[PDB]
Each structure stands twice: as C-alpha cells, then as structure tokens.
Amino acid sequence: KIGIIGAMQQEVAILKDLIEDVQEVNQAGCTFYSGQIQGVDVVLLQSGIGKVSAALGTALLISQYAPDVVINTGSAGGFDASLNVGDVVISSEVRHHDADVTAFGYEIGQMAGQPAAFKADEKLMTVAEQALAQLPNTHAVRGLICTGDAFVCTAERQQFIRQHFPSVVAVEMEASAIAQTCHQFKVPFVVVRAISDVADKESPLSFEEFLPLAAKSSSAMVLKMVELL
C-alpha cells in the first residue's frame, strides 16, 4: 500500500483521476481516495494547506489505512541555483525552517522531542532516482527540503532560511509535518515535488502560472515510482 499526500486539489487531481474502484472518504476537511493505480494499492490524501492540516491528515492516513510508505507530492519554491519551473526536487531530509527552541540547546529548526532533521527513506530515494531515469527531459535535484507555515516570497525571509539552512534546495508548507508524523509512526517517507517558483518577489505570479506544470511534473514522477514497487 502506497500512501500519497498532497495539500491542494490541483496537486492531487492528476493522480485522483487515474485510480480505479475509487472509494472517496472525506473527514475533518481531508479527503481520502483509496483504490488501485495499475494494480498497486494506493491511498491519496488531500490534506489542505500548512503544517497543522498536513499533520492531522497524515495522522488520520497512517492510523486508519496503515500504508507501507508515504510519498509527498506537489509544488515547491526553489532555492537551488539550477532549478527552473517544472524541475523536480527529491528530499534527502526534511527540516522545519520556522522551528526555534534554541533557548534549550536544540539546534535551529529542531523541535523539542524531535530529531534536527527527518531523513527520507533510502529505498524510496533510490526508487525516485529510478523513476527520474524514466523522464529523460526533466531535471531534478536531491537535497534538504525546508518547511514552514509561510509562503516564502520576500528577500528577508529567503535570507533567514539560507542562513540557517545553507544546503536547502527547496521550500514548502507541509513536508516537515508529514515527515515528523511519519517519524513518530515509524513509517518510511519521501518527498518528491516540482518547482513552481523561486521564492522571491515574483513567486505569487510564478506560482499562479506554474502550479499546473509543477503538479504535472510531480505527478508524473509519482506515477512512475508507483509502478517501481
């Protein structure tokens, strides 16, 4: 069973209308779509936006459907210099960019009672790298993904994040909530999203224009990965 999570309707629509014998179960503002994608047991969660919605949705997902693995799909704000819109970002690890409990010796981005970072599953990162070889013309970057309850689009916020997380390749608003929840459940996860913007003055309109591409690019990556297990 493959657990698949996206925040927005737009991020989950391409996978939703590809599963067969769909059983739509919407509860607590989440929608769960369960069935089969070419013979593989899936469950697509539409979580809604942000860290709290994602955690709540992921908690309901794992406790009631017990997937074997979790894949986080959708858009992202690019930080890596090589990323253009449509490009894929794969998580090596996930951090809260907006967690700060340093007053008690925790390193920046580390939440009390948690690891500094949540590490993507080694198999799943391997499986995403194989899926990438199936899409010859898509460029991809593997690295740190940072999440916060903010849409990043100002010089000053971008600068804050680059400072504390030099290695960030990309930014979004649900991944660390998904990862932390998976960590606490001991479920393997990977994040595989695509770039809609580069987190600056222009990202609102770039996101506007390029979310469809981002969801196409991301959903193609996930469609592959599904088969590869």
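Each residue number is its position in the shown sequence, starting from 1.
- The stretch with the higher mean CA B factor, choosing between 31-39 and 162-170, is 31-39.
- Legend: mean Cα B-factor per stretch from the PDB entry, 113-121 versus 127-135; the higher mean is in 127-135.
- Of the residues listed, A177, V190, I62, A194, the entry assigns the biggest Cα temperature factor to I62.
- Sort the chain's modelled residues by C-alpha temperature factor and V70 lands in the middle third, per the entry.
- The entry lists a Cα temperature factor for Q184 that places it in the highest third of the chain's modelled residues.
- Among the modelled residues of its chain, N26 has a C-alpha B-factor that falls in the highest third according to the deposited record.
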